Each structure stands twice: as C-alpha cells, then as structure tokens.
C-alpha cells in the first residue's frame, strides 16, 4: 500500500488519465505459496506483452527474488518431493532458469529485470543466492554509509559491479573513465585511514590532490531524481552517458580541480556543476 | 661573526644553529660572553640569565637553570639547558616568596647536605629575583 | 569439527581482531605524541653528541670496567624492539669481557 | 515504520539521541582502554554512557511520553555530561519527580501540543538547568 | 548491522579453549598467585604487629 501511494504521488502511476508507466502485480504474503511462486511469472508475462507485441524495452522489478525461491521450495515440499541441500526445492535451478530465461533480449525488444536479492544468513554460497547470481549481469548495492554521506542515489560505487564493464562492450573511453573513477575512490579510501591517523597535512602533495578529486567525484555521483522533485525542490536530471563520461573524465583530468567540492554535489551535467560554482556566493 | 648558536631545552628549542654576535651565558666559575671565535670551553651552567645578541641587533633574554656551554673550536656553541624559561612566564611575587621562604629554611636545615640543598635553592632564587 | 567449535573459534578471533584494532589506534595516538616531542629531543641530544663529534674522543686501549645501558620499555607487543636491544647487549658483552673489561648492564626496561 | 510512528517531540529528541548513540557504538571498542584517545572520541564515549544509563528503565514501570521526552531532552542536550555515570539514573528519577510535580503544565504542553515548541525548549532548558544545579546534594 | 551475521560475545576467547584462552587463563593465575603471596605476607606482618601490641 505504501509503494502504491508513493508511486501515485511520484507520478509514475496516474489514476486520473492514462499516463501510468508501471503495472503492479502483488503477491502478498497472506496468499498461499503457489500464488507467491507464480506471481513472478504473472508479472513477467505482463512485461512480455510490451516486449513482443509493442516492441518496447520493459523493466520487470521483482522484489526479493529470494521469496520466489522460498515459495518454490514450499510448493515442492507440499508436493512431497524430497528436499535438496539446505532444504530448497530439488528443481531450484530449473525453476530459476525457466523464470529468468524469459527475461532476455528478443528481436522485437528486450526485458531488463532489476531484481532485489535477499541473502539468507549472509551466505552468498547459499543455494538461492548462488542460483540467482548465476543469472545476474550487474549488481547495485545501495549502502547506508553512502546515504550517511548524503550521496543520493546511495549506490556504493566501488562495490557495485557489472558484467558488461569490459572495453569490447562499453567502449574504451567508457571503460577508462569507469576504471579511473574506481581507482580514484579506492586510493582515497585507502589513504582515508592515513589522514585519520597521521593527518591531512601529513599527506603527500598528490595525496592531497587525489582527495580533492575523489571528493569531487563522490559528490558528482549524486544526482537529483525527478520522482522526488516535488519534495526536494530540485528538478531531476537525466544525464546522458556521453555527458557522464565527459564530466567524470574532466574531473579525473583535473580540469575542474579549482572548482569547490560543493559545486559537484547534487548536480546533473558538469556544466550545471560549474554554473553552480559560479552561483555560490 | 657567523657563529652558529644552539640554545635548546628538553621541552622547547630556542635559537638552533643561528649566526649570533654574542651570547652572554650564566656559566659557573664566572660568566663569560660567548664570542664569534671564543676558545673552546666546556663549562657547566649556573642559574641565571642568558642574553643572545643576535647579529640583527636585538638581544633576546632567557633564564637558564643549568647545563653545559659546549662551544667548539669552530663557531658552534651548544647551550643545552635543563630548564630554558623566558623571563615573562616567571612570577615575581612567588619568586620573592620562595627566596624568603628558602632563606628562612636555611636556619632549620640542620644537615650540611640539607643546608647545601637550601643553599642551591637560595642561589637560584637570588638569580631569579634579580631577573624579575 | 562441529558448527559449535567453528563458531567458538570464529567468535574468539573476531574479538581478538577488534581488540587489536583498538590497540592499534591507541598506539597510533601515543606514537603521534612521541614523534612530536622527538623533534625537540633530537637537537638536545645532538648537543650531547657534539662533544665527541668535534672533540673526537676514543677509549685509549682498554677500560678496567664497562657499562652497557640498554634502554627499552616494560610493555611488549612491539615486535623485536626489546629483542634487538637484548641481542646487541649480548653481542657486546661477548665482544667485551674477552679483554678483561668487567661489563655491567643497567636494564632500563 | 520509523519516525512516522513517533510524536514530533519524541522525533526531535530521539533523532539526536540515535545519532549520538550510533557514534558511541562506533567508538565503543576504544572505551575499554580509550583514555588515550582524541577528545572527540572521549566526548562520544561519555555521551554514549550517559545515554545508555538514561535508556535503562525499571521493570513494570511504564513511563509517559512527556516524561520520556523530558529525560531524553536532559540527556541529548548535554546537561548530564558533567554528572557522574552512576548518578545518571538517580538524576533521572529525581528530575522525573520534580518535573511531574512542580512543572506539570510543561508536561501538559508536550502532551497536548505534541511538539517541543521554542518556548517549551526555553522553559525545558530553564527547568533542567535549575534542577541539575540543585540536584547534587 | 545485519542480525544474520555471526555475532561474538564477551568471554569467547576463553570459551574457545584454544591457545589464546589458555594463555589468558595461565596469565591471570600467574599474576594473582604472586599477589596472594604479597597479600599473605602483609597479613602475616599485620598478625605479628598485633601480637607485639
């Protein structure tokens, strides 16, 4: 109910007219295990309509694919099939395959799936996490620490990984930029202990420079979102990939090293960052 | 005359390897003014005031408890002091109080060793009250 | 190797890790202070050094006795800080006492 | 649910309490032998122990929201940092009695208004400071 | 953090029964065994003092 109302207030689903952008399929816990097991297939079919008939790029958001796995295990237990290791259904791999393999790119279109993943007992080696990870192609780790810093979206840049992050796919420039910003934050984290122990003045000149650039980058990661625009008061931005690459490579090169750090916080394209720097005081 | 002067204490460091004209020092066996090319003289300090006549012209004044005036053959004098204190932080009222108190203690110091200790106290206090 | 045993060992090592990290922080603070006043102590010690630095003095040929002042702390967990000093003292007392010089050691630490 | 299920006054004090206590948890490891630590760390440890003593509640003794707000206000603002750790609970009890009897109007304001208005905060500040000055005997 | 992760508690080092636990056990004994001797000697001196007076 909270998600429904929040989506209505954000505007992704409009009740007055046909301006909706999401279709909700709810498999609430009070339903029997079979229903919860098949809710994902229901939503996947609803997405399949747009990919095939309408030839569009759909986004299937399956929350807690772990509950899908658990529901499958419960259904197998009810059917009496001898449980597999840890107690998951004997057909865990096949069920997961049947569900995931329909979420692919056809000639008409493609269905991308952002699936929330729950890790039981914080065990990545657990059968359900392992089976789900076998089909994954990218990971987005929303970290409370990054939220504490104030960076929204609160994606942990170093921890978040993608499998298409290879030059042959993304492009040499894209890979260079992403690899660079990865290192520029890793070394900042590594030396962040050094400054904490000895001091900022106890760092090398380059060590002082990388801190400034990394702090600029970690702030530049934050981007205003259009869905929360009503509350935050700041128009949301949709930065193109080219603009993201240009801005981050510019920050890495040191072109905007003179700019203040706040100029890069909660901004869109790098032109907005420099304009904001101008606006300050 | 291009005489490197090192006045340092265990706590604080004063002039260190700095060219100075004269350094009047409260040394034992009499006070002798450190010169540009004074004869190498390893003499121990006594409570008193050190005046460093910096080549620029100003003469800084510090108070010295004890130590060694290590003036080498070359123009290098190492003035190590156990307690190197400036004149401002010293309190004149308590300086006088301590001087008079030690002078009173002199009579009560029956032991010649203890009387010698109170004698050291009164000597330091004498130099102290002269400084203040 | 029951899960109980594995859990016990894991918890123990976790506690050890936490304690060692906090100890590292405290040692870092103490080292920061000790390095700070090491600079004032440095020139003061150099003043003592200057004596034999300029007035080059060497033991004539032999001394009847000898003193070895090995300085160190009473708190361990500092690698070979004490061990190295003890080794040097042992090497010297082996190096000396062959010529007859009666070495004596004051163990500050 | 989070803060949505809290009175605005309780929200005001509890947010600060939560931040201070979280920081104390972060530095709790040092506490054992954290005497030789940065002054910020010492401040975090002191505020944490004070807040922890505040949170302790006797069994079968349910407290009213206004009284809880008063005690948490006493703690988060930092009027108890000077007070000795063991004395914190004694102050909690004595202050509870004092505010409940002498200053029931202010508790009514917190109860009725549902938020710590600026006037209440000023009045709360005065009451807490005055009692704290005289609390120790 | 996440509750699922294994959480350690006070005394785990000794509860394990490993080398570190044994070191802690012996170290406590060595200290207080010596302390008891000092305390016992002091008590003996106290007893002798009250016997004298």
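Restricting region B:53-70 to residues that are crowded, with 22+ Cβ neighbours inside 10 Å and at the interface with chain C (Cβ under 10 Å from one of its Cβ atoms), the residue that is farthest from residue B:8 (Cα to Cα) is B:70.
Screening residue B:90 on (1) in contact with a helix residue (DSSP H, G or I) (Cβ under 8 Å, 6 or more places away or on another chain); (2) outside any strand (DSSP E or B); (3) touching a residue at least 40 places away in the same chain (Cβ under 8 Å); (4) within 11 Å of another protein chain (Cβ to nearest Cβ) shows it passes everything except condition (4).
In region A:126-133, is there at least one residue being within 21 Å of the chain's Cα centre (by Cα), in a loop (DSSP other than H, G, I, E, B) and either within 14 Å of chain E (Cβ to nearest Cβ) or surrounded by fewer than 12 Cβ atoms within 10 Å (Cβ to Cβ) (or both)? No: region A:126-133 contains no residue that is within 21 Å of the chain's Cα centre (by Cα), in a loop (DSSP other than H, G, I, E, B) and either within 14 Å of chain E (Cβ to nearest Cβ) or surrounded by fewer than 12 Cβ atoms within 10 Å (Cβ to Cβ) (or both). Within region C:68-86, the presence of at least one residue that is touching a strand residue (DSSP E or B) at 6+ places or on another chain (Cβ under 6 Å) and farther than 30 Å from residue D:41 by Cα is confirmed. Residues in region C:1-20 that are assigned to a helix (DSSP H, G or I) and either more than 7 Å from every other protein chain (Cβ to nearest Cβ) or loosely packed, with under 11 Cβ neighbours inside 10 Å (or both): C:3, C:4, C:5, C:6, C:13, C:17, C:19, C:20.
Restricting attention to region A:145-189, which residues are more than 24 Å from residue D:18 (Cα to Cα) and free of Cβ contacts under 8 Å to residues at least 12 places away in the same chain? Answer for region A:145-189, where residues must be more than 24 Å from residue D:18 (Cα to Cα) and free of Cβ contacts under 8 Å to residues at least 12 places away in the same chain: A:166, A:167, A:168, A:169, A:170, A:171, A:172, A:175, A:179, A:183. For region B:105-121, taking the residues that are without any contact (Cβ under 8 Å) to a residue 12 or more places away in the chain and under 25 Å from the mean Cα position of the chain (by Cα), the one that is surrounded by the fewest Cβ atoms within 10 Å (Cβ to Cβ) is identified as B:113.
Tell me, yes or no, whether region A:61-82 has at least one residue that is in contact (Cβ under 8 Å) with a residue 24 or more places away in the chain, more than 16 Å from residue A:36 (Cα to Cα) and loosely packed, with under 14 Cβ neighbours inside 10 Å. No, the conditions are met nowhere in region A:61-82.
Whether a residue is in a helix (DSSP H, G or I) and within 26 Å of residue A:122 (Cα to Cα) was assessed, and residue A:36 passes this test.
If we scan region B:45-52, do we find a residue that is out of contact with any helix residue (DSSP H, G or I) (no Cβ under 6 Å at 6 or more places or on another chain), away from every other protein chain (no Cβ under 14 Å) and either closer than 24 Å to residue C:36 by Cβ or free of Cβ contacts under 8 Å to residues at least 12 places away in the same chain (or both)? Looking through region B:45-52, none of the residues is out of contact with any helix residue (DSSP H, G or I) (no Cβ under 6 Å at 6 or more places or on another chain), away from every other protein chain (no Cβ under 14 Å) and either closer than 24 Å to residue C:36 by Cβ or free of Cβ contacts under 8 Å to residues at least 12 places away in the same chain (or both). Taken over region B:16-34, the criterion of being out of contact with any helix residue (DSSP H, G or I) (no Cβ under 8 Å at 6 or more places or on another chain), crowded, with 19+ Cβ neighbours inside 10 Å and closer than 13 Å to residue B:62 by Cα is satisfied by B:23, B:25. Answer yes or no: is there a residue in region C:63-70 that is free of Cβ contacts under 8 Å to residues at least 24 places away in the same chain and more than 7 Å from every other protein chain (Cβ to nearest Cβ). Looking for residues that are free of Cβ contacts under 8 Å to residues at least 24 places away in the same chain and more than 7 Å from every other protein chain (Cβ to nearest Cβ), one finds none in region C:63-70, hence no. Only a single item in (1) exposed (fewer than 14 other Cβ atoms within 10 Å of the Cβ); (2) more than 14 Å from chain E (Cβ to nearest Cβ) is not met by residue C:43, and it is number (1). In the set D:29, D:40, which member is surrounded by fewer than 17 Cβ atoms within 10 Å (Cβ to Cβ), out of contact with any helix residue (DSSP H, G or I) (no Cβ under 8 Å at 6 or more places or on another chain) and part of a helix (DSSP H, G or I)? Sole residue among the options that is surrounded by fewer than 17 Cβ atoms within 10 Å (Cβ to Cβ), out of contact with any helix residue (DSSP H, G or I) (no Cβ under 8 Å at 6 or more places or on another chain) and part of a helix (DSSP H, G or I): D:40. Annotation: residue B:74 fulfils all but one of (1) more than 14 Å from chain C (Cβ to nearest Cβ); (2) more than 24 Å from residue C:39 (Cα to Cα); the unmet one is (1). Could you go through region C:90-99 and let me know if any residue there is exposed (fewer than 14 other Cβ atoms within 10 Å of the Cβ) and within 14 Å of chain B (Cβ to nearest Cβ). No, that holds for no residue.
Of the helices (runs of 4 or more DSSP H) lying entirely inside region A:225-281, those carrying at least 3 residues that are surrounded by 13 or more Cβ atoms within 10 Å (Cβ to Cβ) are A:241-253, A:270-279.
Examine region C:54-75 for a residue that is assigned to a helix (DSSP H, G or I) and surrounded by 12 or more Cβ atoms within 10 Å (Cβ to Cβ), and state whether such a residue exists. Looking for residues that are assigned to a helix (DSSP H, G or I) and surrounded by 12 or more Cβ atoms within 10 Å (Cβ to Cβ), one finds at least one in region C:54-75, hence yes.
Each residue in chain E was checked for being surrounded by 10 or more Cβ atoms within 10 Å (Cβ to Cβ), within 11 Å of chain C (Cβ to nearest Cβ) and either touching a strand residue (DSSP E or B) at 6+ places or on another chain (Cβ under 8 Å) or assigned to a helix (DSSP H, G or I) (or both), and 8 pass.
No value in this document is a laboratory result; all are computed from the given coordinates. So basically every Cβ, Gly included, is an ideal-geometry build from the backbone, and we count neighbours across all protein chains shown.
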